[PDB]
Amino acid sequence: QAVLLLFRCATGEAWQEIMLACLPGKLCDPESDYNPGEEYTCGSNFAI
Amino acid sequence: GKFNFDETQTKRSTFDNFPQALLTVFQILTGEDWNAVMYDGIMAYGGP
Amino acid sequence: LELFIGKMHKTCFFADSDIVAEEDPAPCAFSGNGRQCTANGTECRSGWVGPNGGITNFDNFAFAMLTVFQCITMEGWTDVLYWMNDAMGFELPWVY
Amino acid sequence: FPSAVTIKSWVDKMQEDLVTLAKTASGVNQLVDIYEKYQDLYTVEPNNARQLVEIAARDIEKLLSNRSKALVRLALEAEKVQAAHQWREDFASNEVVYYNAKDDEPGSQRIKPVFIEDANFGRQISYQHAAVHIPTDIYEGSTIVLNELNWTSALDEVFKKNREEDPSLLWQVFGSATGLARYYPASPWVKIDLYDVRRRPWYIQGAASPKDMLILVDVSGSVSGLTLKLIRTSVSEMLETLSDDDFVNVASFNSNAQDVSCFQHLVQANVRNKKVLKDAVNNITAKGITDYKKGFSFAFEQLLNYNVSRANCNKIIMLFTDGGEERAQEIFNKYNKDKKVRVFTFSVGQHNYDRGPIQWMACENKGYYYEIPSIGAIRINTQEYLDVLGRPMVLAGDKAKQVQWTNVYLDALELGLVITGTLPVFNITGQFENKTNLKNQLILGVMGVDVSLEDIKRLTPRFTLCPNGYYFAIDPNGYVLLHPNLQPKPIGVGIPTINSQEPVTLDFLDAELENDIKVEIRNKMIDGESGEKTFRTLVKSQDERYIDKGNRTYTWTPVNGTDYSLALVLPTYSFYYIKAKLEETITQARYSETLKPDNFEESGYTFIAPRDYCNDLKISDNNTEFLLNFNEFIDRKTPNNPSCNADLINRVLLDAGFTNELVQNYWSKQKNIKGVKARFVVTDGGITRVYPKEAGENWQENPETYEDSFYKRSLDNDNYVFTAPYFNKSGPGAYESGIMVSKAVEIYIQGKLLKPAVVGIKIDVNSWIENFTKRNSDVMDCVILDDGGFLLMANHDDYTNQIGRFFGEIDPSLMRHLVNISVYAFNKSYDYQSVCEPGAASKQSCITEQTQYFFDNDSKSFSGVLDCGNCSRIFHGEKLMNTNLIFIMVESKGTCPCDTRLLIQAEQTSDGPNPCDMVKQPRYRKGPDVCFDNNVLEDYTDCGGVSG
Ligand SMILES: *[C@@H]1O[C@H](CO)[C@@H](O[C@@H]2O[C@H](CO)[C@@H](O[C@@H]3O[C@H](CO)[C@@H](O[C@@H]4O[C@H](CO)[C@@H](O)[C@H](O)[C@H]4NC(C)=O)[C@H](O)[C@H]3NC(C)=O)[C@H](O)[C@H]2NC(C)=O)[C@H](O)[C@H]1NC(C)=O
Ligand SMILES: *[C@@H]1O[C@H](CO)[C@@H](O[C@@H]2O[C@H](CO)[C@@H](O[C@@H]3O[C@H](CO)[C@@H](O)[C@H](O)[C@H]3NC(C)=O)[C@H](O)[C@H]2NC(C)=O)[C@H](O)[C@H]1NC(C)=O
Ligand SMILES: *[C@@H]1O[C@H](CO)[C@@H](O[C@@H]2O[C@H](CO)[C@@H](O)[C@H](O)[C@H]2NC(C)=O)[C@H](O)[C@H]1NC(C)=O
Ligand SMILES: *[C@@H]1O[C@H](CO)[C@@H](O[C@@H]2O[C@H](CO)[C@@H](O)[C@H](O)[C@H]2NC(C)=O)[C@H](O)[C@H]1NC(C)=O
Ligand SMILES: *[C@@H]1O[C@H](CO)[C@@H](O[C@@H]2O[C@H](CO)[C@@H](O)[C@H](O)[C@H]2NC(C)=O)[C@H](O)[C@H]1NC(C)=O
Ligand SMILES: *[C@@H]1O[C@H](CO)[C@@H](O)[C@H](O)[C@H]1NC(C)=O
Ligand SMILES: [Ca+2]
Ligand SMILES: [Ca+2]
């Protein structure tokens, strides 16, 4: 799925939309071992 | 004057006048979301 | 045409109604393999018109040719791939 | 085939076995003797219709003048307080304190009240302060809102002062022109909230005068698409700002101007006409070219009609276009050179067309320019035209400070049917030296005070009148302010089809049966002239099943303070009433002994009318416990009646013994009778009794005697009355209840007729059938019917099973043919307040058409031949003497196997009457005499498009 996303971005379909969707202020899926109380932490400024 | 079929929103890439038609043709020429304009043009003459 | 014909025709409406549930509908599974619409009250059946109002589908030779030409120009091919992922299974459509 | 002589002879032996049984079992003559035996425990008093109306009208005038003084006090202070405002722009430090309703803040501080529950108020309220309602689409904390929340805080002192003098005061509200409404007493606000004080019917009438509105809709080609959807919604929302005093019509134009509906001229814009216009507007299409010259000429021509009834007031043209290049200068000069017509222009939709000509047409004709680029701008822009119309009103000065009363509408705070006073508030800042006059031509808002109709009902007592007598007041438009048939439900239009903002405006001729004389009486009350008239009409019963003809005396006078006219419908035999005068204690205590619930074993089951006997006594709407409270209160209190009326209690106590004497002296002698199931008496005092206690559980009638359908029908008829039971398992009434009979007692005290009670028995159907065998034949059909064509018993073992059912639903061939012979007349009426299940595109308000049947001719011997086609069925019909029954015998259906469509007598959901032709000959009405328009001092130098 990551390789498919990279292929889609190489085609240039909505790559900037995904880039915006990967910024820090994003909700995390309830399966990672994150600290209880905070869930809008995953994502980074490295996305741009 | 044929893209007035949605009645819920106004389209920006139309052929209403010469500058807008010129911009729409340029956009189709670059190949960005030309399929949306094609779908609008198809629906303007009935439908599928 | 051979692989998938008339499979993107099943979105999830409400309970005993002709009104679709979500404002951006996507097809359900054809035979319990693809996406399942699981909301408060939602059951999905046939009778849907199609993803782009019926313009993007493979249920005709002209429709198939138009969809293939749209995909071959690298414009909106991911939308068709995702719609087929929702409608049909998950393993075949990516190969196509 | 039996002759007419033998059938009459057999009928003569039929009714004599029923009339004699009812005359003896019910003891109608014994009760007459009991009333006439004493002649001293009470006294007969005249009931002068003329005196009552002039007295009741004065009381209503005084009530509506106490409210006017409360409006003048509030409106005067708001103008004075507002002129002393500074308009500060920083509320961070000195925040304003207020209680925002509909809550569980940059520059405001909230308030937490106590909210004690109160009587004559359905909610928990607090008198310490006044609540504030801010609509959702307006942000509290803006500079405009906070400034309005500071200077209006001085109204709370005047709110408390008004309530001190008149504690029976309902909501007092100040509707600010900025959107927020401040009302007293504070109470929490009642899905999302779409309330806006500026669109309420009571606000709109005080913000402007009646208007002769006309709407021009651009249906040319360029408006197709989204901007047509906005235009249709904008027109629909604009019609919602028109009341019954405003005249509107909608026209369109695309290379040719034409009307969009069936009206072709201005109409009254009531609830029925607006529904027609909205349907016509929602069915328009865009096609053609634009021609403003042709469209505006059509609009100006319909504003010069003067053959039809209009408001003769504000004449405005509203143009719903998008853009164009034509200015139509020649049209405006040709038609309105003197600027007698205001032109409001709207630019609807998202476009880039030229708005220049549209803006020019607005302020060249004393209008204003509005923009509607989205759905969210529709509601706020279609209500801002009342600021322009209110300019001539503020320049009038004190001549425009007149109190007006709205139509009856359901309250927005769950209170019921109410009417509201109205008084505009002016911005008079800087008026002392008379130099500003720039923004001082817009009203601050509107003051209103509510007057519940139940408050009006307390000023028109009805318990000294017969159950057939009542009061009713009429609006100048013709609608009824007060009427027995007026109900707390919205009036419906059309038929509901699914795939309470409107007022309850019920016309007088719709509330009751229409008549040629009643039309003349209605017109005489509208133009405010007193008078009286006695005449004979046919009166619909309490339920929509029977019609009886009786005499009435309509006495009407106008209320001087207001524009209302009060009338009293007093029938004959009602000019005199029994006034109880008992003062001795032990003779009063013994009467109260019969009302004990444990005494029913020898006096019978007893009900009591839930009247307002005393203030601390509270009704329970079930009578299972109300009787317990009543008889445990009169003993647990001094007999002086310190805080409640003795007239309404002396009547019930005296009638307690008058019916009590009947039970032991005459009813108790016959413990059980063969053909009688139950014996009942109902009295004007407010009590009813049933001797067989085990049969008292079948009494489904209302305990309040004035609301009993059989009681009101029995008084009119001189003879006995038979009431058919309901059908389709409508509770237990088929065989375990019986057939009801009634007969109102008549007494002559000093040569005066009185009808103080009705007595009757429940005929057993099983024993009644045995009087026919003394059966199931396939040769001949025998049925009995009452006044209204309802089956009461038969001899076919399938007709009797379908008991109390309309004859047209079981044998339409003879029923339909009977009407042609003129044995059964009928009248059809529309019930505008009725709920029905919607059809294919819960329950919703709708119009239901009702029909009733009654005897037409007085002749009894009826005969004829029923020709259904290719066969025949002879019949003979005989009417029972001194009874509302008719005996008809026809050949069996086996000879003629024909069955026409069944004639249904029930509530038929109908969309009528058609309003496309009622506007051609509209009912007479009188418009307001005030007219505030066309002031020369008005500025109107702001086009509205110069700043936009
Ligand atoms: C009754 O009438 C009086 C006048 O007859 C009226 O009082 C007047 O109120 C306005 C404000 O609405 C005052 O205007 C001052 O000067 C300018 C121009 O309005 C304002 O500056 C901006 O104005 C715009 C106008 O839309 C406003 O949106 C904006 O927020 C303002 N502020 C900015 C941009 O920072 C001043 O703020 C305003 N106030 C001052 C200078 O203190 C008039 O001066 C007032 N006139 C008088 C004689 O006092 C009053 O509101 C009317 N009553 C009601 C209930 O509306
Ligand atoms: C609009 O808001 C203004 C800001 O709060 C109000 O003006 C303030 O009202 C206060 C309440 O009276 C005043 O406090 C006291 O006022 C009395 C009356 O003269 C005196 O005792 C003193 O002046 C004062 N006492 C003190 C300061 O200890 C404020 O002086 C006054 N002005 C401010 C705060 O700048 C207005 O009342 C309000 N408008 C309405 C209609 O209520
Ligand atoms: C309303 O006011 C009018 C006049 O103000 C009252 O008319 C009176 O009528 C009686 C007879 O009907 C005359 O004897 C009086 O002289 C009239 N009054 C005057 C001032 O001339 C009318 O009675 C009033 N109605 C009510 C209900 O109060
Ligand atoms: C009523 O309106 C009509 C036109 O809508 C006016 O024109 C007259 O119409 C009536 C009906 O036939 C006739 O008198 C003539 O045909 C028209 N002219 C005149 C001079 O009467 C009419 O004037 C308006 N008023 C009345 C009272 O009819
Ligand atoms: C209500 O019913 C009455 C009684 O059937 C009808 O009025 C009759 O109208 C006809 C002519 O239309 C007259 O010949 C009769 O004399 C009338 N009956 C009377 C006066 O008792 C009519 O159907 C209804 N009355 C209305 C609508 O006023
Ligand atoms: C209210 O009206 C009554 C008559 O209905 C009158 O007697 C009274 O003076 C008025 N005012 C008050 C404060 O009661
Ligand atoms: Ca692209
Ligand atoms: Ca146009």
# chains A, B, ... in the order shown; residues from 1 in each chain; ligands from 1
call {"tool": "interface_residues", "arguments": {"of": "chain D", "to": "chain B", "cutoff": "8 Å", "atoms": "only C-alpha atoms", "output": "list in words"}}
result
residues 224, 225, 226, 227, 229 and 350 of chain D
call {"tool": "closest_atom_pairs", "arguments": {"of": "chain D", "to": "ligand 8", "cutoff": "12 Å", "atoms": "only C-alpha atoms and all ligand atoms", "output": "JSON lines"}}
result
{"residue": "D:217", "atom": "CA", "partner": "ligand 8", "partner_atom_place_in_ligand_line": "1 (Ca)", "distance": 11.4}
{"residue": "D:218", "atom": "CA", "partner": "ligand 8", "partner_atom_place_in_ligand_line": "1 (Ca)", "distance": 7.6}
{"residue": "D:219", "atom": "CA", "partner": "ligand 8", "partner_atom_place_in_ligand_line": "1 (Ca)", "distance": 8.1}
{"residue": "D:220", "atom": "CA", "partner": "ligand 8", "partner_atom_place_in_ligand_line": "1 (Ca)", "distance": 5.2}
{"residue": "D:221", "atom": "CA", "partner": "ligand 8", "partner_atom_place_in_ligand_line": "1 (Ca)", "distance": 5.9}
{"residue": "D:222", "atom": "CA", "partner": "ligand 8", "partner_atom_place_in_ligand_line": "1 (Ca)", "distance": 4.6}
{"residue": "D:223", "atom": "CA", "partner": "ligand 8", "partner_atom_place_in_ligand_line": "1 (Ca)", "distance": 6.7}
{"residue": "D:224", "atom": "CA", "partner": "ligand 8", "partner_atom_place_in_ligand_line": "1 (Ca)", "distance": 9.5}
{"residue": "D:227", "atom": "CA", "partner": "ligand 8", "partner_atom_place_in_ligand_line": "1 (Ca)", "distance": 11.6}
{"residue": "D:228", "atom": "CA", "partner": "ligand 8", "partner_atom_place_in_ligand_line": "1 (Ca)", "distance": 11.7}
{"residue": "D:253", "atom": "CA", "partner": "ligand 8", "partner_atom_place_in_ligand_line": "1 (Ca)", "distance": 10.3}
{"residue": "D:254", "atom": "CA", "partner": "ligand 8", "partner_atom_place_in_ligand_line": "1 (Ca)", "distance": 8.2}
{"residue": "D:255", "atom": "CA", "partner": "ligand 8", "partner_atom_place_in_ligand_line": "1 (Ca)", "distance": 9.8}
{"residue": "D:286", "atom": "CA", "partner": "ligand 8", "partner_atom_place_in_ligand_line": "1 (Ca)", "distance": 9.7}
{"residue": "D:287", "atom": "CA", "partner": "ligand 8", "partner_atom_place_in_ligand_line": "1 (Ca)", "distance": 9.4}
{"residue": "D:288", "atom": "CA", "partner": "ligand 8", "partner_atom_place_in_ligand_line": "1 (Ca)", "distance": 8.1}
{"residue": "D:289", "atom": "CA", "partner": "ligand 8", "partner_atom_place_in_ligand_line": "1 (Ca)", "distance": 5.9}
{"residue": "D:290", "atom": "CA", "partner": "ligand 8", "partner_atom_place_in_ligand_line": "1 (Ca)", "distance": 4.8}
{"residue": "D:291", "atom": "CA", "partner": "ligand 8", "partner_atom_place_in_ligand_line": "1 (Ca)", "distance": 8.2}
{"residue": "D:292", "atom": "CA", "partner": "ligand 8", "partner_atom_place_in_ligand_line": "1 (Ca)", "distance": 9.6}
{"residue": "D:320", "atom": "CA", "partner": "ligand 8", "partner_atom_place_in_ligand_line": "1 (Ca)", "distance": 11.5}
{"residue": "D:321", "atom": "CA", "partner": "ligand 8", "partner_atom_place_in_ligand_line": "1 (Ca)", "distance": 8.1}
{"residue": "D:322", "atom": "CA", "partner": "ligand 8", "partner_atom_place_in_ligand_line": "1 (Ca)", "distance": 7.5}
{"residue": "D:323", "atom": "CA", "partner": "ligand 8", "partner_atom_place_in_ligand_line": "1 (Ca)", "distance": 6.8}
{"residue": "D:324", "atom": "CA", "partner": "ligand 8", "partner_atom_place_in_ligand_line": "1 (Ca)", "distance": 6.3}
{"residue": "D:325", "atom": "CA", "partner": "ligand 8", "partner_atom_place_in_ligand_line": "1 (Ca)", "distance": 9.2}
{"residue": "D:326", "atom": "CA", "partner": "ligand 8", "partner_atom_place_in_ligand_line": "1 (Ca)", "distance": 10.3}
{"residue": "D:347", "atom": "CA", "partner": "ligand 8", "partner_atom_place_in_ligand_line": "1 (Ca)", "distance": 11.9}
{"residue": "D:351", "atom": "CA", "partner": "ligand 8", "partner_atom_place_in_ligand_line": "1 (Ca)", "distance": 11.5}
{"residue": "D:353", "atom": "CA", "partner": "ligand 8", "partner_atom_place_in_ligand_line": "1 (Ca)", "distance": 9.1}
{"residue": "D:354", "atom": "CA", "partner": "ligand 8", "partner_atom_place_in_ligand_line": "1 (Ca)", "distance": 10.6}
{"residue": "D:355", "atom": "CA", "partner": "ligand 8", "partner_atom_place_in_ligand_line": "1 (Ca)", "distance": 11.9}
call {"tool": "residues_near_ligand", "arguments": {"ligand": "ligand 5", "cutoff": "8 Å", "atoms": "only C-alpha atoms and all ligand atoms", "output": "PyMOL selection string"}}
result
chain D and resi 513-516+537-538+825-828+856
call {"tool": "write_last_selection", "arguments": {"atoms": "C-alpha atoms", "output": "PDB file, in the first residue's frame"}}
result
ATOM      1  CA  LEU D 513     -72.602  26.479   9.146  1.00  0.00           C
ATOM      2  CA  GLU D 514     -72.940  29.186   6.507  1.00  0.00           C
ATOM      3  CA  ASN D 515     -76.310  30.812   5.857  1.00  0.00           C
ATOM      4  CA  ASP D 516     -77.660  33.773   3.918  1.00  0.00           C
ATOM      5  CA  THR D 537     -81.330  27.930  11.208  1.00  0.00           C
ATOM      6  CA  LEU D 538     -80.112  24.341  11.212  1.00  0.00           C
ATOM      7  CA  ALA D 825     -81.481  16.455   2.956  1.00  0.00           C
ATOM      8  CA  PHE D 826     -77.779  17.027   3.509  1.00  0.00           C
ATOM      9  CA  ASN D 827     -75.165  19.737   3.964  1.00  0.00           C
ATOM     10  CA  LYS D 828     -71.438  19.574   3.246  1.00  0.00           C
ATOM     11  CA  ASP D 856     -86.483  17.211   5.042  1.00  0.00           C
TER      12      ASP D 856
END
call {"tool": "closest_residue", "arguments": {"among": "A:22, A:42, A:2, A:14", "to": "chain C", "atoms": "only C-alpha atoms"}}
result
A:14
call {"tool": "residues_around", "arguments": {"residues": "stretch 61-68 of chain C", "least_positions_apart": "5", "cutoff": "12 Å", "atoms": "only C-alpha atoms", "output": "ChimeraX atom specification"}}
result
/B:35,38-39,42,48 /C:1-6,50-52,54-56,73-81,96
call {"tool": "closest_residue", "arguments": {"among": "C:95, C:37, C:19, C:12", "to": "chain D", "atoms": "only C-alpha atoms"}}
result
C:19
call {"tool": "residues_around", "arguments": {"residues": "stretch 185-192 of chain D", "least_positions_apart": "2", "cutoff": "6 Å", "atoms": "only C-alpha atoms", "output": "PyMOL selection string"}}
result
chain D and resi 101-102+125-127+130-131
call {"tool": "residues_near_ligand", "arguments": {"ligand": "ligand 4", "cutoff": "10 Å", "atoms": "only C-alpha atoms and all ligand atoms", "output": "list in words"}}
result
residues 265, 301, 302, 304, 305, 306, 307 and 308 of chain D
call {"tool": "residues_near_ligand", "arguments": {"ligand": "ligand 2", "cutoff": "6 Å", "atoms": "only C-alpha atoms and all ligand atoms", "output": "ChimeraX atom specification"}}
result
/D:94,150-151,153-154
call {"tool": "residues_near_ligand", "arguments": {"ligand": "ligand 1", "cutoff": "12 Å", "atoms": "only C-alpha atoms and all ligand atoms", "output": "compact mmCIF listing (two decimals) with N, CA and C atoms, in the first residue's frame"}}
result
# COMPACT_ATOMS: atom_id res chain seq x y z
N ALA D 78 -38.29 53.09 26.89
CA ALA D 78 -37.22 52.64 26.00
C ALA D 78 -36.70 53.77 25.13
N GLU D 79 -37.60 54.62 24.63
CA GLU D 79 -37.17 55.78 23.86
C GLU D 79 -36.35 56.73 24.71
N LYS D 80 -36.77 56.94 25.96
CA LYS D 80 -36.05 57.85 26.85
C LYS D 80 -34.70 57.27 27.27
N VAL D 81 -34.66 55.98 27.60
CA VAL D 81 -33.43 55.37 28.07
C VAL D 81 -32.41 55.28 26.94
N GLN D 82 -32.85 54.92 25.74
CA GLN D 82 -31.93 54.74 24.63
C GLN D 82 -31.25 56.05 24.24
N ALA D 83 -31.96 57.18 24.36
CA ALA D 83 -31.36 58.46 24.00
C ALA D 83 -30.19 58.83 24.90
N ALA D 84 -30.10 58.22 26.08
CA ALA D 84 -29.01 58.46 27.02
C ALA D 84 -27.93 57.38 26.94
N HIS D 85 -27.68 56.85 25.75
CA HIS D 85 -26.66 55.84 25.54
C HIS D 85 -25.42 56.46 24.90
N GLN D 86 -24.26 55.90 25.23
CA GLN D 86 -22.99 56.47 24.79
C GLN D 86 -22.37 55.74 23.61
N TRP D 87 -22.73 54.48 23.38
CA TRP D 87 -22.14 53.65 22.33
C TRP D 87 -20.63 53.49 22.54
N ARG D 88 -20.29 52.80 23.61
CA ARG D 88 -18.90 52.43 23.85
C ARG D 88 -18.52 51.22 23.01
N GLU D 89 -17.23 51.09 22.72
CA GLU D 89 -16.73 50.03 21.85
C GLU D 89 -15.77 49.07 22.55
N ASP D 90 -15.68 49.12 23.88
CA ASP D 90 -14.78 48.24 24.63
C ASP D 90 -15.54 47.73 25.85
N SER D 142 -20.87 40.87 19.57
CA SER D 142 -20.54 41.91 18.62
C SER D 142 -20.84 43.28 19.23
N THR D 143 -20.26 44.32 18.64
CA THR D 143 -20.44 45.66 19.18
C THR D 143 -21.90 46.08 19.15
N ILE D 144 -22.61 45.75 18.07
CA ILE D 144 -24.01 46.12 17.96
C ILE D 144 -24.84 45.41 19.03
N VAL D 145 -24.59 44.12 19.24
CA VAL D 145 -25.41 43.35 20.17
C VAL D 145 -25.15 43.78 21.61
N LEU D 146 -23.87 43.92 21.98
CA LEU D 146 -23.55 44.27 23.36
C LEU D 146 -24.07 45.66 23.72
N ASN D 147 -24.00 46.60 22.78
CA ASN D 147 -24.57 47.92 23.03
C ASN D 147 -26.08 47.83 23.23
N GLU D 148 -26.74 46.96 22.47
CA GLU D 148 -28.18 46.76 22.66
C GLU D 148 -28.47 46.02 23.95
N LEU D 149 -27.52 45.24 24.45
CA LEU D 149 -27.71 44.52 25.70
C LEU D 149 -27.45 45.38 26.93
N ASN D 150 -26.97 46.61 26.76
CA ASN D 150 -26.72 47.50 27.89
C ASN D 150 -27.88 48.45 28.13
N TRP D 151 -28.31 49.18 27.10
CA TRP D 151 -29.39 50.14 27.30
C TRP D 151 -30.75 49.48 27.46
N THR D 152 -30.90 48.24 27.00
CA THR D 152 -32.14 47.51 27.24
C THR D 152 -32.22 46.93 28.64
N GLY D 175 -38.95 43.38 21.01
CA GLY D 175 -38.26 42.82 19.86
C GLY D 175 -37.33 43.82 19.21
N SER D 176 -36.04 43.72 19.52
CA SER D 176 -35.07 44.67 18.99
C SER D 176 -34.88 44.48 17.49
N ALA D 177 -34.62 45.58 16.80
CA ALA D 177 -34.36 45.53 15.37
C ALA D 177 -33.01 44.91 15.05
N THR D 178 -32.16 44.68 16.05
CA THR D 178 -30.88 44.02 15.84
C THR D 178 -30.97 42.51 15.92
N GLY D 179 -32.14 41.96 16.25
CA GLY D 179 -32.34 40.53 16.24
C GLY D 179 -32.69 39.94 17.58
N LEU D 180 -32.08 40.45 18.65
CA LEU D 180 -32.29 39.90 19.98
C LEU D 180 -33.63 40.34 20.55
N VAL D 425 -41.12 51.38 18.71
CA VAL D 425 -40.21 52.19 19.52
C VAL D 425 -39.28 52.95 18.58
N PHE D 426 -39.19 54.26 18.77
CA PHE D 426 -38.44 55.13 17.88
C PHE D 426 -37.08 55.49 18.47
N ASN D 427 -36.14 55.84 17.59
CA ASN D 427 -34.81 56.30 17.98
C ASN D 427 -34.84 57.82 17.97
N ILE D 428 -34.85 58.42 19.16
CA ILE D 428 -35.06 59.85 19.30
C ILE D 428 -33.84 60.53 19.89
N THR D 429 -32.67 59.92 19.72
CA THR D 429 -31.44 60.54 20.21
C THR D 429 -31.15 61.83 19.46
N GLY D 430 -30.66 62.83 20.18
CA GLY D 430 -30.35 64.10 19.58
C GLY D 430 -31.55 64.90 19.10
N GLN D 431 -32.76 64.46 19.42
CA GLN D 431 -33.97 65.15 18.97
C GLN D 431 -34.28 66.39 19.79
N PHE D 432 -33.63 66.58 20.95
CA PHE D 432 -33.92 67.74 21.77
C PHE D 432 -33.56 69.04 21.05
N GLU D 433 -32.38 69.08 20.42
CA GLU D 433 -31.97 70.22 19.63
C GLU D 433 -32.27 70.07 18.15
N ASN D 434 -32.75 68.90 17.71
CA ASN D 434 -33.23 68.69 16.35
C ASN D 434 -32.16 69.02 15.31
N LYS D 435 -31.07 68.26 15.34
CA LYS D 435 -29.99 68.46 14.38
C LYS D 435 -29.47 67.19 13.73
N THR D 436 -29.73 66.00 14.29
CA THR D 436 -29.14 64.79 13.73
C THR D 436 -29.94 64.26 12.54
N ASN D 437 -31.15 63.76 12.80
CA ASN D 437 -32.09 63.30 11.78
C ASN D 437 -31.47 62.48 10.66
N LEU D 438 -30.43 61.69 10.96
CA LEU D 438 -29.75 60.91 9.94
C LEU D 438 -30.08 59.42 10.02
N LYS D 439 -29.88 58.79 11.17
CA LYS D 439 -30.32 57.43 11.42
C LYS D 439 -31.57 57.39 12.28
N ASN D 440 -32.13 58.55 12.60
CA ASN D 440 -33.30 58.66 13.46
C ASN D 440 -34.59 58.38 12.72
N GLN D 441 -34.52 57.77 11.54
CA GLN D 441 -35.72 57.37 10.80
C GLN D 441 -35.87 55.85 10.73
N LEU D 442 -35.25 55.12 11.64
CA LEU D 442 -35.43 53.69 11.78
C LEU D 442 -35.94 53.38 13.18
N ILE D 443 -36.91 52.47 13.28
CA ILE D 443 -37.48 52.13 14.57
C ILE D 443 -36.49 51.30 15.37
N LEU D 444 -36.47 51.52 16.69
CA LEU D 444 -35.65 50.69 17.57
C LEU D 444 -36.15 49.26 17.60
N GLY D 445 -37.47 49.08 17.64
CA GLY D 445 -38.04 47.75 17.75
C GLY D 445 -39.53 47.84 17.99
N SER D 947 -23.28 51.67 -1.26
CA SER D 947 -22.41 51.09 -0.24
C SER D 947 -22.14 49.61 -0.47
call {"tool": "residues_near_ligand", "arguments": {"ligand": "ligand 3", "cutoff": "10 Å", "atoms": "only C-alpha atoms and all ligand atoms", "output": "PyMOL selection string"}}
result
chain D and resi 50-61+530-531+556-561+565-566
call {"tool": "residues_near_ligand", "arguments": {"ligand": "ligand 6", "cutoff": "7 Å", "atoms": "only C-alpha atoms and all ligand atoms", "output": "list in words"}}
result
residues 59, 62, 63, 66, 165 and 166 of chain D
